[PDB]
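Given next, in structure tokens, is a single chain: the form deposited in one PDB entry.
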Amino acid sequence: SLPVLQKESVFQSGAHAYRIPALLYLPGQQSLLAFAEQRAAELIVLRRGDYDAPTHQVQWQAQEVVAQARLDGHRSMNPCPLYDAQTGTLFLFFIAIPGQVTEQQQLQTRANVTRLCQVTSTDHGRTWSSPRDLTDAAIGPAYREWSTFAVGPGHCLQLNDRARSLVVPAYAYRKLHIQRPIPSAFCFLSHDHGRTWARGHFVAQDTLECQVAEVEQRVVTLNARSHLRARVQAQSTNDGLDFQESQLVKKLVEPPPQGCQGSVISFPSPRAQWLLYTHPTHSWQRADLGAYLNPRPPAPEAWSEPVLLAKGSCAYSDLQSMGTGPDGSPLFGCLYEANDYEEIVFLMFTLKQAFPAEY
């Protein structure tokens, strides 16, 4: 597999199990915040890491529970971090669900009991505020038309528009017809730095967990998990409110079962931005994590062949652009589930290492 600057297990099954990673880079701090669900999904945990370029390594501090990221009598899941570069505030969106509830029970029961929450930190994640239940104000009446919903999982997005809008990728299971609820991706939008929220319009049916990135004029690309053999990709020219164009990207395979979550980010093109995406590449199972490059975003056909990042069992992942790397090329940080969900691995590499022919 691809030569990397670092490969370290940051979460391991012990007294608890860990899944659903989220990664967030704090530019001015040369540090990363790695989030995950601590399952018996009861709570969300976090580990802070300081990146030292001279040693090509990130030093990870002790794991800590995000105590405030929970509602009484509920399980917390789907950590979705975001850093507001204008207010200096760190956001951690997440979903809370009643304890007396499971997952399969959520998908179809026609009774939505899922809550949308957020906690903020003004000291780089050291301490957090009390949770804010955004459910009613951010969703509205539509709430009753869904069996359930979720955000991310994974890092969110802040646009370079006038308002420096906050965009939270998400999806809802909607009771459309004698069938089972059908999932459609969408984005929660805020133009006042998380003060108030609005629900964006749905993308094509049969799209789940997704992530968004901003490209160059201004377009928001959405990459979503689907129930088909390929990923679904959509574009928005109005900051996420509407995702007009939408299509299957055959080049980006989805494992047989129900597919698998993937990650996507934009980063400064070496030559304004290029995209990077990570997801299992095995056509019959969740294995062999691959990195894909799109140097002519968002063109679906411009997606490249995947480069092998890690062999073996691999699932969910999250990416973060970490600025300039040791070799002068774009540096990347990646967090992914591995070995039948026995751990979550941190991987750090550069564009030169992954796509030598494009740098």
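What we label the rigid core is the largest C-alpha set whose atoms superpose within 1.5 Å from one form to the other. Residue numbers here begin at 1 and follow the sequence given.
The same protein has a further form, the form deposited in another entry, not shown here; the description that follows concerns it.
- A 2 Å or larger CA shift between this form and the one not shown, after fitting on the rigid core, occurs at just one of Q86, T102, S130, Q258, namely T102.
- The pair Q104 and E209 is looser in the other form: their Cα-Cα distance rises by no less than 3 Å compared with this form.
- In the other form, the Cα positions of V345 and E103 lie at least 3 Å farther from each other than in the form displayed.
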